[PDB]
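For reference, the structure discussed in these notes is given below.
Just so you know, residue 1 is the first one in the sequence shown, and it goes up from there. What you see below is based on every heavy atom in this structure, not just the backbone, and it leaves out hydrogens, waters and symmetry mates.
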Amino acid sequence: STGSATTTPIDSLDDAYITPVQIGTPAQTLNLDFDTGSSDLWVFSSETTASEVXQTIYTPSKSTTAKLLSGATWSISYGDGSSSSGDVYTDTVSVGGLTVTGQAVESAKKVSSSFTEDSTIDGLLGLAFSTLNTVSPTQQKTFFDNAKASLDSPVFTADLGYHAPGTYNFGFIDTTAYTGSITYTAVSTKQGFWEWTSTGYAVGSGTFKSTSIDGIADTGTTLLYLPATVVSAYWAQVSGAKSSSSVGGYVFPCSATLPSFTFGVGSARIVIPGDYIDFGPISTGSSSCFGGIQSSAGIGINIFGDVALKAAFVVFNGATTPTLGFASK
Ligand SMILES: CC(C)(C)S(=O)(=O)N[C@@H](Cc1ccccc1)C(=O)N[C@@H](Cc1c[nH]c[nH+]1)C(=O)N[C@@H](CC1CCCCC1)C(O)(O)C(F)(F)C(=O)NCCN1CCOCC1
């Protein structure tokens, strides 16, 4: 089997991307943030404290296929400080026409304020490795892990758009969605992520520096977070750019024509166009824009988030020894 679903930016800044997910019988359609940096499928629900709901909710008692997973609970927090917790059902879940039975659906009893505040995100669908799942006492498998037995190939692909709709595919590689060929690189699962080592980088039309960059492919992070020295080298080529203590990163004049940023995948190169690195105005109508490449020093891990991923066609190869593929597009 295969599935193919459209993923859409939630706002004008490409802050996040949502993808429809059908849960239960009859199907309840929720828009979830597909997140290759975590491993829980959790939803706003009829269980969620009412004052914390502003979203479409899952009601397990309206689904004939929902089963309570007795004794199971979950609690998660994210790098940006947000959190949620609750209890666990198994139910039928479909993405893009691909159906899994027995998927753990983590029903939120409570959600943090940033979740309440974002009307567009009805929950998360984690796509990192199942070892990061937060259900206790027994961790639960991701949607991808449960799908692998039936998929035509144990893969999924991310084709995120720049201010445009894009696609998540499960079980096949669409050869018409990219140019050139895919280059694969090794993945370490020791921290539960799609963690890999980039072979280096270049700024604009300058030289490629072969300094290894260990980081994670994370569709649930907006920006590209790289080592301080790399980020400094990038913004050195932007004459109005400076680090802003108060705003929380590099800011630059919105009228700048930004250089591209190239990262290495083995011998291959993925080029992020300059305008992808313009995240957007600090506030509507500002003359200052926030950079899309920021230092990873505060977060402690390099993150190839959406600014990077949306420049590529990305293959998450979940064979027993997983790998990550990148192609230009
Ligand atoms: C506006 C912004 C200044 C650019 S922002 O950083 O706040 N944008 C958010 C995404 C967002 C956009 C719009 C609406 C709501 C949320 C962002 O990029 N958050 C990252 C920031 C980050 C990463 N690292 C340090 N900081 C994040 O937490 N991403 C997680 C998923 C997000 C959470 C908020 C809701 C949307 C999904 C994440 O899962 O990708 C993660 F990898 F960063 C992470 O937190 N992974 C958790 C892994 N744990 C390990 C232990 O086992 C449990 C799982």
Side-chain angles (χ1 to χ4, degrees), residues 1-7 17-43 58 60 63-69 72 74 88-107 122-135 138-160 166-178 182 184 187 189 192-194 217 219-220 309 313-325 327:
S1 60
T2 67
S4 178
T6 292
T7 188
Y17 297 76
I18 48 170
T19 309
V21 179
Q22 282 74 44
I23 307 173
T25 306
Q28 298 178 42
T29 297
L30 277 64
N31 289 147
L32 307 188
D33 187 341
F34 282 24
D35 178 20
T36 63
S38 71
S39 306
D40 291 51
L41 192 175
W42 75 260
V43 295
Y58 170 59
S63 173
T64 64
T65 40
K67 303 187 46 72
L68 184 70
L69 188 64
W74 63 278
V88 184
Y89 289 81
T90 57
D91 208 343
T92 302
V93 173
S94 301
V95 175
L98 169 65
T99 300
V100 165
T101 58
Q103 175 62 46
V105 177
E106 298 170 40
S107 169
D122 303 323
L124 263 68
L125 190 151
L127 293 168
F129 293 87
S130 295
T131 188
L132 298 184
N133 180 82
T134 75
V135 177
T138 290
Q139 290 179 316
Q140 302 298 298
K141 293 176 185 26
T142 68
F143 176 79
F144 179 46
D145 269 3
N146 289 139
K148 286 175 183 174
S150 295
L151 286 179
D152 287 1
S153 178
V155 77
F156 67 91
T157 66
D159 182 8
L160 301 180
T167 305
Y168 282 102
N169 292 155
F170 292 81
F172 69 105
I173 296 167
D174 180 359
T175 64
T176 73
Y178 61 87
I182 300 157
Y184 292 92
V187 168
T189 64
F193 301 122
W194 293 91
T219 59
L309 304 182
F313 178 87
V314 187
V315 181
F316 296 82
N317 168 30
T320 308
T321 292
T323 67
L324 187 66

Closest non-hydrogen atoms of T131 and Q139, given as atom of the first, atom of the second and distance, are O-NE2, 2.8 Å

Residues two or more places apart in sequence or in another chain: which of them pass side-chain hydrogen bond (donor to acceptor under 3.5 Å, both in side chains) with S39? none

Side chain to side chain donor-acceptor pair (under 3.5 Å): pairs with one or both residues in residues 24-33, sequence neighbours excluded: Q22-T29, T25-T65

Do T142 and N133 pass the side-chain contact (heavy atoms from CB on, under 4.5 Å) test, and can you show the C-alpha distance, the side-chain angles, and the key distance before you say yes or no? CA-CA 8 Å; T142 68; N133 180 82; 6.0 Å; no

After noting the C-alpha distance and the side-chain angles of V21 and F143, does the key distance pass the side-chain contact (heavy atoms from CB on, under 4.5 Å) rule? CA-CA 11 Å; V21 179; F143 176 79; over 6 Å; no

At their closest point, which heavy atom of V43 faces which heavy atom of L32, and how far apart are they? CG1-CD2, 4.1 Å

Could you tell me the separation between the OG atom of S107 and the CG atom of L41, rounded to the nearest 0.5 Å? 11.5 Å

Give the C-alpha distance, both sets of side-chain angles, the deciding distance and a yes or no for side-chain contact (heavy atoms from CB on, under 4.5 Å) between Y17 and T7. CA-CA 6 Å; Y17 297 76; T7 188; 3.3 Å; yes

Counting distance only, does the side-chain N/O of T99 pair as donor-acceptor with the main-chain N or O of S94 below 3.5 Å? no

Side chain to side chain contact (heavy atoms under 4.5 Å, CB included) involving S1 - partner list, sequence neighbours excluded: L98, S150, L151

Residue that, paired with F156, satisfies side-chain contact (heavy atoms from CB on, under 4.5 Å) out of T2, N169, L127: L127

Donor-acceptor contact below 3.5 Å, side chain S38 vs main chain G126: no

So which atom in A66 and which in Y89 form the shortest heavy-atom distance, rounded to 0.1 Å? CB-CD2, 4.1 Å

Which pair of heavy atoms, one from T36 and one from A217, lies closest together, and at what distance? OG1-O, 2.8 Å

Ring center gap for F144 and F316 short of 6.0 angstrom: no

Kindly indicate, with the supporting measurements, whether the criterion side-chain contact (heavy atoms from CB on, under 4.5 Å) is fulfilled by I173 and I182. CA-CA 10 Å; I173 296 167; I182 300 157; 3.9 Å; yes

Within this structure, what is the CG-CD distance for the pair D145 and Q140, rounded to the nearest 0.5 Å? 11.5 Å

Do side-chain atoms of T134 reach the backbone of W74 as a donor and acceptor pair under 3.5 angstrom? no

Look at the aromatic rings of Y168 and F34 and report parallel, tilted or perpendicular, splitting at 30° and 60°. tilted

Rounded to the nearest 0.5 Å, how far apart are CG of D122 and CD1 of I18? 7.5 Å

Under 6.0 Å from the NZ atom of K141, do we count more than 12 heavy atoms belonging to anything else shown? no

Nearest heavy-atom contact between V95 and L125 is CG2-CD1, 4.1 Å

Quick one: closest heavy-atom pair of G192 and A128, and the distance? O-CB, 3.5 Å

